[PDB]
Amino acid sequence: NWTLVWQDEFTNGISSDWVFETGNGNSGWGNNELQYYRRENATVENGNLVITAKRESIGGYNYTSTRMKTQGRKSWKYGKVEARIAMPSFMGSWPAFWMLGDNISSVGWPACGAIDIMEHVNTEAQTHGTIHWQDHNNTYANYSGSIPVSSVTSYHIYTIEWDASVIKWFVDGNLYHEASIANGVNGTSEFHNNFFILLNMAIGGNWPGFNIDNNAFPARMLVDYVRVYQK
Ligand SMILES: OC[C@H]1O[C@@H](O[C@H]2[C@H](O)[C@@H](O)[C@H](O[C@H]3[C@H](O)[C@@H](O)[C@H](O[C@@H]4[C@@H](O)[C@@H](O)O[C@H](CO)[C@H]4O)O[C@@H]3CO)O[C@@H]2CO)[C@H](O)[C@@H](O)[C@@H]1O
Ligand SMILES: [Ca+2]
């Protein structure tokens, strides 16, 4: 069986297992993102985490949102990682539910590896699952898939299953993307390490672009729960 080993149901408030980033990071968190992350953009309403992105100026930036991570408190090697999410859809939006390797502090990005469980940009009628890494030739590599989602603004369940053989991606239980990590094939050795969880909503960047629907603010991403199971 899958055994639950960690969760935030956001029933009281936000678990002390979450840490919050501040500001725009290095060149927009690596992606020329336009937001300044703050703690105040995360609230709880009726058992849901609420990440509000706002048209709000601070530190020379013009948008605020939240970026929260489980880093230095909780991390896992293999398992089922899952969140029930309702996210906004507007030009410039870039919500993400994803994982980074613990060793990012030592080896950096992209050596540490990332598992994107869910990304969405703009008003696309789909969501994406991706892995990012350094292959055995030390080249930056990613492998992505998508599934049609007509209403990202309604709750969906975004899931990975992760073992020594494979990573699989699901939306509402529908398999749509898969990647072998067996024997570190294609240089995937670093996906056999501990990874922590992140939640964020970025505004603009290299992928969503720099056309921002300024009449979409404030914008809410709601997270009913995050859960990790293991064998
Ligand atoms: O600290 C030493 C040097 O750091 C350099 O800044 C780095 C930073 O170290 C590192 O964390 C960052 O990695 C990010 C990367 O740039 C960015 O592209 C990536 O975007 C994510 C996607 O890849 C994907 O996984 O989906 C998520 C969510 O949508 C994206 O956020 O995320 C990486 C981790 O945040 O790289 C930047 C460099 O631009 C800096 O160069 C140097 O001066 C420092 O000395
Ligand atoms: Ca909840």
# chains A, B, ... in the order shown; residues from 1 in each chain; ligands from 1

call {"tool": "residues_near_ligand", "arguments": {"ligand": "ligand 1", "cutoff": "7 Å", "atoms": "only C-alpha atoms and all ligand atoms", "output": "PDB file with N, CA, C and O atoms, in the first residue's frame"}}
result
ATOM      1  N   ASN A  26      17.414  35.980  -8.242  1.00  0.00           N
ATOM      2  CA  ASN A  26      18.523  36.344  -9.168  1.00  0.00           C
ATOM      3  C   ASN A  26      17.972  36.327 -10.595  1.00  0.00           C
ATOM      4  O   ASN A  26      17.565  35.245 -11.049  1.00  0.00           O
ATOM      5  N   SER A  27      17.935  37.497 -11.249  1.00  0.00           N
ATOM      6  CA  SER A  27      17.369  37.727 -12.608  1.00  0.00           C
ATOM      7  C   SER A  27      15.954  37.137 -12.677  1.00  0.00           C
ATOM      8  O   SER A  27      15.676  36.362 -13.597  1.00  0.00           O
ATOM      9  N   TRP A  29      14.264  35.031 -10.416  1.00  0.00           N
ATOM     10  CA  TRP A  29      14.300  33.603  -9.993  1.00  0.00           C
ATOM     11  C   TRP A  29      14.812  32.729 -11.137  1.00  0.00           C
ATOM     12  O   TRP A  29      14.345  31.599 -11.265  1.00  0.00           O
ATOM     13  N   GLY A  30      15.740  33.261 -11.939  1.00  0.00           N
ATOM     14  CA  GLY A  30      16.350  32.557 -13.079  1.00  0.00           C
ATOM     15  C   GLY A  30      15.566  32.702 -14.376  1.00  0.00           C
ATOM     16  O   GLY A  30      16.078  32.248 -15.403  1.00  0.00           O
ATOM     17  N   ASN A  31      14.376  33.298 -14.357  1.00  0.00           N
ATOM     18  CA  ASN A  31      13.415  33.208 -15.491  1.00  0.00           C
ATOM     19  C   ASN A  31      12.956  34.599 -15.936  1.00  0.00           C
ATOM     20  O   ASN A  31      12.048  34.657 -16.743  1.00  0.00           O
ATOM     21  N   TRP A  94       1.699  32.222 -14.170  1.00  0.00           N
ATOM     22  CA  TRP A  94       2.613  31.057 -14.192  1.00  0.00           C
ATOM     23  C   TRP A  94       2.634  30.386 -12.820  1.00  0.00           C
ATOM     24  O   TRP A  94       3.660  30.392 -12.140  1.00  0.00           O
ATOM     25  N   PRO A  95       1.491  29.791 -12.391  1.00  0.00           N
ATOM     26  CA  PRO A  95       1.458  28.908 -11.223  1.00  0.00           C
ATOM     27  C   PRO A  95       2.195  27.574 -11.430  1.00  0.00           C
ATOM     28  O   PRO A  95       2.257  27.048 -12.554  1.00  0.00           O
ATOM     29  N   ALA A  96       2.747  27.057 -10.337  1.00  0.00           N
ATOM     30  CA  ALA A  96       3.612  25.865 -10.341  1.00  0.00           C
ATOM     31  C   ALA A  96       3.506  25.126  -9.012  1.00  0.00           C
ATOM     32  O   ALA A  96       3.435  25.750  -7.961  1.00  0.00           O
ATOM     33  N   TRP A  98       5.787  21.870  -7.664  1.00  0.00           N
ATOM     34  CA  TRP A  98       7.014  21.226  -8.178  1.00  0.00           C
ATOM     35  C   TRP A  98       7.955  20.873  -7.046  1.00  0.00           C
ATOM     36  O   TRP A  98       7.629  21.148  -5.872  1.00  0.00           O
ATOM     37  N   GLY A 108      23.764  23.153  -6.912  1.00  0.00           N
ATOM     38  CA  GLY A 108      23.049  24.159  -7.716  1.00  0.00           C
ATOM     39  C   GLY A 108      22.015  23.587  -8.685  1.00  0.00           C
ATOM     40  O   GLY A 108      21.732  22.378  -8.715  1.00  0.00           O
ATOM     41  N   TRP A 109      21.443  24.491  -9.463  1.00  0.00           N
ATOM     42  CA  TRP A 109      20.534  24.162 -10.581  1.00  0.00           C
ATOM     43  C   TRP A 109      21.320  24.242 -11.889  1.00  0.00           C
ATOM     44  O   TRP A 109      22.086  25.176 -12.078  1.00  0.00           O
ATOM     45  N   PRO A 110      21.155  23.300 -12.848  1.00  0.00           N
ATOM     46  CA  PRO A 110      20.153  22.230 -12.790  1.00  0.00           C
ATOM     47  C   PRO A 110      20.613  20.857 -12.268  1.00  0.00           C
ATOM     48  O   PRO A 110      19.817  19.943 -12.302  1.00  0.00           O
ATOM     49  N   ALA A 114      14.856  18.979 -10.952  1.00  0.00           N
ATOM     50  CA  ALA A 114      13.517  19.459 -10.576  1.00  0.00           C
ATOM     51  C   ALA A 114      12.450  18.550 -11.164  1.00  0.00           C
ATOM     52  O   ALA A 114      12.581  18.122 -12.330  1.00  0.00           O
ATOM     53  N   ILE A 115      11.434  18.250 -10.365  1.00  0.00           N
ATOM     54  CA  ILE A 115      10.214  17.570 -10.865  1.00  0.00           C
ATOM     55  C   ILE A 115       9.061  18.576 -10.785  1.00  0.00           C
ATOM     56  O   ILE A 115       8.603  18.884  -9.652  1.00  0.00           O
ATOM     57  N   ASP A 116       8.622  19.098 -11.933  1.00  0.00           N
ATOM     58  CA  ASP A 116       7.418  19.955 -12.006  1.00  0.00           C
ATOM     59  C   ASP A 116       6.205  19.038 -12.055  1.00  0.00           C
ATOM     60  O   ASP A 116       6.052  18.318 -13.071  1.00  0.00           O
ATOM     61  N   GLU A 119       2.598  22.705 -14.020  1.00  0.00           N
ATOM     62  CA  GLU A 119       2.788  24.122 -14.395  1.00  0.00           C
ATOM     63  C   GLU A 119       1.683  24.519 -15.355  1.00  0.00           C
ATOM     64  O   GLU A 119       1.201  23.688 -16.122  1.00  0.00           O
ATOM     65  N   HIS A 132      13.705  18.391 -15.055  1.00  0.00           N
ATOM     66  CA  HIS A 132      14.868  19.224 -15.440  1.00  0.00           C
ATOM     67  C   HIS A 132      16.110  18.627 -14.784  1.00  0.00           C
ATOM     68  O   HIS A 132      16.012  18.252 -13.616  1.00  0.00           O
TER      69      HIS A 132
END

call {"tool": "residues_near_ligand", "arguments": {"ligand": "ligand 2", "cutoff": "7 Å", "atoms": "only C-alpha atoms and all ligand atoms", "output": "PyMOL selection string"}}
result
chain A and resi 9-11+47-48+224-225

call {"tool": "write_last_selection", "arguments": {"atoms": "C-alpha atoms", "output": "JSON list (two decimals), in the first residue's frame"}}
result
[["chain", "number", "residue", "atom", "x", "y", "z"],
["A", 9, "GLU", "CA", -4.60, 20.13, 4.83],
["A", 10, "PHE", "CA", -4.35, 23.90, 5.65],
["A", 11, "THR", "CA", -7.26, 23.18, 8.11],
["A", 47, "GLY", "CA", -9.37, 24.90, 4.82],
["A", 48, "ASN", "CA", -7.61, 26.17, 1.62],
["A", 224, "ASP", "CA", -7.13, 22.35, -0.81],
["A", 225, "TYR", "CA", -4.18, 20.11, 0.30]]

call {"tool": "residues_around", "arguments": {"residues": "residue A:142", "least_positions_apart": "3", "cutoff": "12 Å", "atoms": "only C-alpha atoms", "output": "PyMOL selection string"}}
result
chain A and resi 110-111+113-116+129-135+139+145+179+186-188

call {"tool": "closest_atom_pairs", "arguments": {"of": "stretch 170-230 of chain A", "to": "stretch 80-92 of chain A", "cutoff": "7 Å", "atoms": "only C-alpha atoms", "output": "CSV"}}
result
residue,atom,partner,partner_atom,distance
A:203,CA,A:92,CA,5.4
A:204,CA,A:92,CA,4.5
A:208,CA,A:92,CA,5.6
A:209,CA,A:92,CA,6.3
A:210,CA,A:92,CA,6.3
A:211,CA,A:92,CA,5.8
A:212,CA,A:92,CA,4.5
A:213,CA,A:91,CA,5.1
A:216,CA,A:90,CA,6.5
A:219,CA,A:88,CA,6.3
A:220,CA,A:88,CA,6.1
A:221,CA,A:87,CA,4.3
A:222,CA,A:86,CA,5.1
A:223,CA,A:85,CA,4.6
A:224,CA,A:84,CA,5.4
A:225,CA,A:83,CA,5.5
A:226,CA,A:83,CA,4.3
A:227,CA,A:82,CA,5.2
A:228,CA,A:81,CA,4.6
A:229,CA,A:80,CA,4.9
A:230,CA,A:80,CA,6.3

call {"tool": "write_last_selection", "arguments": {"atoms": "N, CA, C and O atoms", "output": "PDB file, in the first residue's frame"}}
result
ATOM      1  N   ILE A 203       4.522  35.806 -11.952  1.00  0.00           N
ATOM      2  CA  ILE A 203       3.895  36.694 -12.967  1.00  0.00           C
ATOM      3  C   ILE A 203       4.960  37.054 -13.997  1.00  0.00           C
ATOM      4  O   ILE A 203       5.973  37.650 -13.607  1.00  0.00           O
ATOM      5  N   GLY A 204       4.721  36.658 -15.246  1.00  0.00           N
ATOM      6  CA  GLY A 204       5.642  36.828 -16.373  1.00  0.00           C
ATOM      7  C   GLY A 204       6.914  36.000 -16.236  1.00  0.00           C
ATOM      8  O   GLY A 204       7.129  35.300 -15.193  1.00  0.00           O
ATOM      9  N   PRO A 208       5.980  32.116 -19.927  1.00  0.00           N
ATOM     10  CA  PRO A 208       4.667  32.742 -20.133  1.00  0.00           C
ATOM     11  C   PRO A 208       4.727  34.023 -20.981  1.00  0.00           C
ATOM     12  O   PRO A 208       3.704  34.399 -21.541  1.00  0.00           O
ATOM     13  N   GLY A 209       5.904  34.662 -21.031  1.00  0.00           N
ATOM     14  CA  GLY A 209       6.105  35.945 -21.729  1.00  0.00           C
ATOM     15  C   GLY A 209       5.865  37.156 -20.841  1.00  0.00           C
ATOM     16  O   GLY A 209       5.695  36.998 -19.632  1.00  0.00           O
ATOM     17  N   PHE A 210       5.854  38.348 -21.433  1.00  0.00           N
ATOM     18  CA  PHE A 210       5.845  39.634 -20.692  1.00  0.00           C
ATOM     19  C   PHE A 210       4.617  40.453 -21.064  1.00  0.00           C
ATOM     20  O   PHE A 210       4.568  41.630 -20.731  1.00  0.00           O
ATOM     21  N   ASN A 211       3.621  39.814 -21.661  1.00  0.00           N
ATOM     22  CA  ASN A 211       2.300  40.445 -21.890  1.00  0.00           C
ATOM     23  C   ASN A 211       1.435  40.097 -20.671  1.00  0.00           C
ATOM     24  O   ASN A 211       1.095  38.914 -20.501  1.00  0.00           O
ATOM     25  N   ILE A 212       1.126  41.087 -19.839  1.00  0.00           N
ATOM     26  CA  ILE A 212       0.459  40.857 -18.528  1.00  0.00           C
ATOM     27  C   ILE A 212      -0.937  41.446 -18.586  1.00  0.00           C
ATOM     28  O   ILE A 212      -1.084  42.646 -18.924  1.00  0.00           O
ATOM     29  N   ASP A 213      -1.925  40.623 -18.261  1.00  0.00           N
ATOM     30  CA  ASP A 213      -3.328  41.087 -18.159  1.00  0.00           C
ATOM     31  C   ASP A 213      -3.444  41.821 -16.834  1.00  0.00           C
ATOM     32  O   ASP A 213      -3.748  41.158 -15.825  1.00  0.00           O
ATOM     33  N   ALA A 216      -6.552  41.454 -14.449  1.00  0.00           N
ATOM     34  CA  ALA A 216      -6.795  40.120 -13.852  1.00  0.00           C
ATOM     35  C   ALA A 216      -6.426  40.114 -12.357  1.00  0.00           C
ATOM     36  O   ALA A 216      -6.614  39.072 -11.709  1.00  0.00           O
ATOM     37  N   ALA A 219      -5.380  38.063  -8.205  1.00  0.00           N
ATOM     38  CA  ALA A 219      -5.652  36.720  -8.758  1.00  0.00           C
ATOM     39  C   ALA A 219      -5.354  35.659  -7.706  1.00  0.00           C
ATOM     40  O   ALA A 219      -4.350  35.790  -7.003  1.00  0.00           O
ATOM     41  N   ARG A 220      -6.201  34.645  -7.595  1.00  0.00           N
ATOM     42  CA  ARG A 220      -6.097  33.676  -6.472  1.00  0.00           C
ATOM     43  C   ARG A 220      -5.761  32.288  -6.993  1.00  0.00           C
ATOM     44  O   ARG A 220      -6.435  31.820  -7.903  1.00  0.00           O
ATOM     45  N   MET A 221      -4.764  31.655  -6.388  1.00  0.00           N
ATOM     46  CA  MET A 221      -4.567  30.198  -6.528  1.00  0.00           C
ATOM     47  C   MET A 221      -4.968  29.538  -5.212  1.00  0.00           C
ATOM     48  O   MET A 221      -4.425  29.917  -4.164  1.00  0.00           O
ATOM     49  N   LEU A 222      -5.867  28.563  -5.266  1.00  0.00           N
ATOM     50  CA  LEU A 222      -6.350  27.876  -4.049  1.00  0.00           C
ATOM     51  C   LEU A 222      -5.794  26.454  -4.027  1.00  0.00           C
ATOM     52  O   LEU A 222      -5.812  25.784  -5.051  1.00  0.00           O
ATOM     53  N   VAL A 223      -5.260  26.049  -2.887  1.00  0.00           N
ATOM     54  CA  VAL A 223      -4.700  24.689  -2.655  1.00  0.00           C
ATOM     55  C   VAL A 223      -5.486  24.079  -1.500  1.00  0.00           C
ATOM     56  O   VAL A 223      -5.334  24.535  -0.379  1.00  0.00           O
ATOM     57  N   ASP A 224      -6.347  23.107  -1.806  1.00  0.00           N
ATOM     58  CA  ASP A 224      -7.125  22.351  -0.805  1.00  0.00           C
ATOM     59  C   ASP A 224      -6.145  21.578   0.086  1.00  0.00           C
ATOM     60  O   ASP A 224      -6.339  21.579   1.317  1.00  0.00           O
ATOM     61  N   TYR A 225      -5.137  20.926  -0.490  1.00  0.00           N
ATOM     62  CA  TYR A 225      -4.179  20.112   0.304  1.00  0.00           C
ATOM     63  C   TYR A 225      -2.925  19.789  -0.499  1.00  0.00           C
ATOM     64  O   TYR A 225      -2.948  19.867  -1.695  1.00  0.00           O
ATOM     65  N   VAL A 226      -1.854  19.457   0.196  1.00  0.00           N
ATOM     66  CA  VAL A 226      -0.654  18.763  -0.365  1.00  0.00           C
ATOM     67  C   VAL A 226      -0.389  17.494   0.460  1.00  0.00           C
ATOM     68  O   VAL A 226      -0.540  17.552   1.706  1.00  0.00           O
ATOM     69  N   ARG A 227      -0.020  16.391  -0.208  1.00  0.00           N
ATOM     70  CA  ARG A 227       0.116  15.071   0.445  1.00  0.00           C
ATOM     71  C   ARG A 227       1.270  14.287  -0.172  1.00  0.00           C
ATOM     72  O   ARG A 227       1.440  14.324  -1.379  1.00  0.00           O
ATOM     73  N   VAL A 228       2.017  13.569   0.655  1.00  0.00           N
ATOM     74  CA  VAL A 228       3.109  12.676   0.199  1.00  0.00           C
ATOM     75  C   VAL A 228       2.861  11.284   0.788  1.00  0.00           C
ATOM     76  O   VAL A 228       2.794  11.184   2.019  1.00  0.00           O
ATOM     77  N   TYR A 229       2.757  10.261  -0.065  1.00  0.00           N
ATOM     78  CA  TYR A 229       2.685   8.836   0.341  1.00  0.00           C
ATOM     79  C   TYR A 229       3.994   8.158  -0.024  1.00  0.00           C
ATOM     80  O   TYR A 229       4.684   8.622  -0.954  1.00  0.00           O
ATOM     81  N   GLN A 230       4.308   7.052   0.645  1.00  0.00           N
ATOM     82  CA  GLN A 230       5.494   6.245   0.270  1.00  0.00           C
ATOM     83  C   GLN A 230       5.155   4.756   0.416  1.00  0.00           C
ATOM     84  O   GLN A 230       4.186   4.428   1.102  1.00  0.00           O
TER      85      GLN A 230
END

call {"tool": "residues_around", "arguments": {"residues": "residue A:146", "least_positions_apart": "2", "cutoff": "8 Å", "atoms": "only C-alpha atoms", "output": "list in words"}}
result
residues 126, 127, 128, 129, 144, 148, 176 and 177 of chain A

call {"tool": "atom_distance", "arguments": {"atom1": "atom CA of residue A:160", "atom2": "atom CA of residue A:3"}}
result
14.8 Å

call {"tool": "closest_residue", "arguments": {"among": "A:32, A:39, A:156, A:190", "to": "residue A:174", "atoms": "only C-alpha atoms"}}
result
A:156

call {"tool": "residues_around", "arguments": {"residues": "residue A:35", "least_positions_apart": "3", "cutoff": "6 Å", "atoms": "only C-alpha atoms", "output": "list in words"}}
result
residues 24, 63, 64 and 203 of chain A

call {"tool": "atom_distance", "arguments": {"atom1": "atom CA of residue A:104", "atom2": "atom CA of residue A:72"}}
result
11.2 Å

call {"tool": "atom_distance", "arguments": {"atom1": "atom CA of residue A:200", "atom2": "atom CA of residue A:14"}}
result
14.3 Å
